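Written out below as structure tokens is the structure these notes cover.
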Amino acid sequence: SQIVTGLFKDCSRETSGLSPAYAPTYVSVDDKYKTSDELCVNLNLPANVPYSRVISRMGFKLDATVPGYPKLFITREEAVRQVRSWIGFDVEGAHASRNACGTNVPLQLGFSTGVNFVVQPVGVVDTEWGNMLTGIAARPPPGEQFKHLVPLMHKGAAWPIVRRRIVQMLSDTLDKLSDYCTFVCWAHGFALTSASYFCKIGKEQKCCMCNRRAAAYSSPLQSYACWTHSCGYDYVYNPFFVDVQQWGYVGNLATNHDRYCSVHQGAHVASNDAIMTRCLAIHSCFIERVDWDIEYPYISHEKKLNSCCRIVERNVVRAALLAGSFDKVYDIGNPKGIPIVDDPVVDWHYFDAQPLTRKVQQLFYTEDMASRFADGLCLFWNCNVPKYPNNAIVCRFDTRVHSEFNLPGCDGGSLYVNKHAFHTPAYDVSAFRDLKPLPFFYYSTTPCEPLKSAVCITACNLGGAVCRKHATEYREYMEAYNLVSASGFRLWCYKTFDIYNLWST
Amino acid sequence: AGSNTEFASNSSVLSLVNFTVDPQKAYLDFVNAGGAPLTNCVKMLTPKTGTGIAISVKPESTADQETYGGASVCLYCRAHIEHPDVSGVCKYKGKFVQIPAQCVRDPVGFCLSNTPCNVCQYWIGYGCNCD
RNA sequence: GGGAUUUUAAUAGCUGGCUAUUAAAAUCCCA
Ligand SMILES: [Mg+2]
Ligand SMILES: [Zn+2]
Ligand SMILES: [Zn+2]
Ligand SMILES: [Zn+2]
Ligand SMILES: [Zn+2]
Ligand SMILES: [Zn+2]
């Protein structure tokens, strides 16, 4: 009505407005034509066609609500559910110069996958017959801080090529993770302006070759496809957008990121900014706050994986309880006080930081309780403590391995998603300085009902032979242990452990 | 620098039109759902004594029509996106568009929903008689 | 070069106050 906006600003250097038949709005009409009642009079003064005026794309607001059309600027709670779709996104731009002044065009796009795309300076030019999206004269931002952007002015590629490269990178990243793309931006204005160059929106669509949700659009074919069928597609379809600065952060991106993380140090480039933005989002959502009610759907083998961790944990706990004649066990991090094995009878105690049942103690571990817990074994199954005591059984995820259920996290940690999402601190070999890596073994004690193994604790192996039942059980536990080890978990034990003591029974 | 062109209130719909695959369906679904139609159109002062054709080089509105600047009642010129026409030339820009008086609530939507006649150059159903 | 908040100057409008546009000053974010 009366508030003007910087969107579609006439960035031309012309001193006068346009004629009524050529001007797009009433505001852009030159005043010589206007009258008192907000109408325009077709004056006999000739028009100044042909012309070319650069039009600004700064100011997009995707806040309209239309039925059938999805909401693409999601909240925090919806972004947490879409955590597998998170791709960091930075844009560094160039100022329009020469013919125009008053808009910025994208120059380098950076993504959290470590990829940078350099583009030719392209803007919208309004002409007396319509409009084009064509290359315009530009200039790197002045000052020392942007001196690295000077070579990029002579290295850009065409936008239709960079579009397909972006779609192919997104397809290679998000094929096995999600059907959606969520751009995690820090200042979403220029990011959305540059996202207008390679993204399309609309109603939700189905892939043309399968049943998955469509995530890319093909203009030459006018078709929609998912990440598996997006070969040759040139547009991203219905991406989500997240503005981290709107989550309550004061200052710039670098001081907010470096407050919590010291892993993502590097030179100034858009990919580094994107990585820092996604890392700050991960810290904001999974370290500062804990939801614990949001469940995520399974992807590849979560159920079988959890079954294998339970089997491996039962075996190692039973063997460690039998060897060394330990009579006491402290389980730190137990959510509900669930014992693992009870055939070797030992005393049990349970601790946690956020217990789900009053039977479990509220505790944080800082090595000061090593003298408190010196009379028994300490179990640290998926319990993250920077320094483990002398006599313990510890299982820890190696965050240096990334998979479908393990995403990069904050300060070297990793977000492990299986039903619930847990942020794990970085794997450190120095944390296990009082422990040793567990060798592979299998302990069987059930009665029997060709295979050779030198680490199979078995009464048949005591007799120098092997039976079919124990062989099948050993091979099944081999599959279980191999799945556990390949998934990323590593086992650490007290120093005095040796499987020869298991020959006692 | 530069000179502003559009109001803030329109910035919600035009941005939508800048991103959608089908801008015409996007605008019509936005307006039909109850959204505010585009404002800030170049509406001219006419003597209301014209021939009443749809698109003309000069204002030609009759008593039951209002003349608008052609580049203002085109969705693609307002959103500054590519035109669907052959060779990319707008058929409204540089000319004047006559809108029926009972449709001045949304001139852009009227121009998106209606097309002029090939033979007589009047709006189909609003002055065209070729039966 | 783009924008947000506060203040000021000019212009226009409304009923001593206010609103909008343009410009200027400060702080912050973005390039
Ligand atoms: Mg940046
Ligand atoms: Zn598909
Ligand atoms: Zn970081
Ligand atoms: Zn046997
Ligand atoms: Zn047009
Ligand atoms: Zn006709």
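We number each residue from 1, going along the chain as drawn.
So how was this one determined? The header says electron microscopy, 2.9 Å.
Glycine is treated like the rest: Cβ placed from N, Cα and C.
What Swiss-Prot says about this protein:
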ACT_SITE  A:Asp90  active site
ACT_SITE  A:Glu92  active site
ACT_SITE  A:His268  active site
ACT_SITE  A:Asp273  active site
BINDING   A:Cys207, A:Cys210, A:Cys226, A:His229  Zn(2+) 13 binding site
BINDING   A:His257, A:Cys261, A:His264, A:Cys279  Zn(2+) 14 binding site
BINDING   A:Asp331, A:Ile332, A:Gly333, A:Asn334, A:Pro335, A:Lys336, A:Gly337  S-adenosyl-L-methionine binding site
BINDING   A:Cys448, A:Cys456, A:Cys467, A:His470  Zn(2+) 15 binding site
REGION    A:410-424  region 'GpppA-binding'
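Shown on the structure are the features that Swiss-Prot records.
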{"residue": "A:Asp90", "record": "active site", "contacts (Cβ under 8 Å, 6+ apart)": "A:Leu109, A:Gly110, A:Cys185, A:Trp186, A:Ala191, A:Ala270, A:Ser271, A:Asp273, A:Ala274, A:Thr277"}
{"residue": "A:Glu92", "record": "active site", "contacts (Cβ under 8 Å, 6+ apart)": "A:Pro106, A:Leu107, A:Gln108, A:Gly110, A:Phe146, A:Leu149, A:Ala270"}
{"residue": "A:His229", "record": "Zn(2+) 13 binding site", "contacts (Cβ under 8 Å, 6+ apart)": "A:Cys207, A:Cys208, A:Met209, A:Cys210"}
{"residue": "A:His264", "record": "Zn(2+) 14 binding site", "contacts (Cβ under 8 Å, 6+ apart)": "A:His257, A:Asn272, A:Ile275, A:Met276, A:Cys279"}
{"residue": "A:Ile332", "record": "S-adenosyl-L-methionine binding site", "contacts (Cβ under 8 Å, 6+ apart)": "A:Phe351, A:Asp352, A:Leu363, A:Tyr365, A:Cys378, A:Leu379, A:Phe380, A:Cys383, A:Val385"}
{"residue": "A:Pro335", "record": "S-adenosyl-L-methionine binding site", "contacts (Cβ under 8 Å, 6+ apart)": "A:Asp352, A:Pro355, A:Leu356, A:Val360"}
{"residue": "A:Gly337", "record": "S-adenosyl-L-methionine binding site", "contacts (Cβ under 8 Å, 6+ apart)": "A:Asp331, A:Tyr350, A:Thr357, A:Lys359, A:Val360"}
{"residue": "A:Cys467", "record": "Zn(2+) 15 binding site", "contacts (Cβ under 8 Å, 6+ apart)": "A:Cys448, A:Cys460"}
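One thing to note is that 14 residues go unmodelled from A:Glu449 to A:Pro450, and the Cα atoms at each side are 15 Å apart. The two recorded residues, A:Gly333 (S-adenosyl-L-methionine binding site) and A:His470 (Zn(2+) 15 binding site), show a Cα separation of 33 Å. Checked against ligand 4, the recorded positions A:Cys207, A:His268, A:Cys448, A:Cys467, A:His470 give A:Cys448, A:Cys467, A:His470 in sequence order as having a Cβ less than 6 Å away from one of its atoms. The residues of the region 'GpppA-binding' (A:410-424), classed with DSSP into helix (H, G, I), strand (E, B) and coil, number 0 helix, 10 strand, 5 coil. There are 20 other CB atoms within 10 A of the CB of A:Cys261 (Zn(2+) 14 binding site), with all protein chains counted. Taking the Cα of A:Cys456 (Zn(2+) 15 binding site) as the reference point, the closest of the recorded positions A:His268, A:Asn334, A:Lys336 is A:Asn334.
Nearest to A:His268 (active site) in space, judged by Cα atoms and limited to the binding-site residues A:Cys226, A:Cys261, A:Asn334, A:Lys336, A:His470, is A:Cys261. Residues near A:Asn334 (S-adenosyl-L-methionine binding site) in space but far in sequence (CB under 8 A, at least 6 apart, same chain), listed by position: A:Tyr350, A:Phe351, A:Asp352, A:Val360. Cα separation, A:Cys226 (Zn(2+) 13 binding site) to A:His470 (Zn(2+) 15 binding site), rounded: 47 Å.
Proximity to ligand 2 (Cβ under 6 Å from any of its atoms) holds for these binding-site residues out of A:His229, A:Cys261, A:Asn334, A:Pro335, A:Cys448: A:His229. For ligand 3, the neighbouring binding-site residues among A:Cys226, A:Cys261, A:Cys279, A:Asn334 are A:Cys261, A:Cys279, by Cβ distance under 6 Å. Around A:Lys336 (S-adenosyl-L-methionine binding site), the same-chain residues six or more apart in sequence whose CB sits under 8 Å from its CB are A:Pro355, A:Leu356, A:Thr357, A:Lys359, A:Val360, listed in sequence order. Neighbour counts of Cβ atoms within 10 Å were compared across the binding-site residues A:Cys210, A:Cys226, A:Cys456; the minimum falls on A:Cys210.
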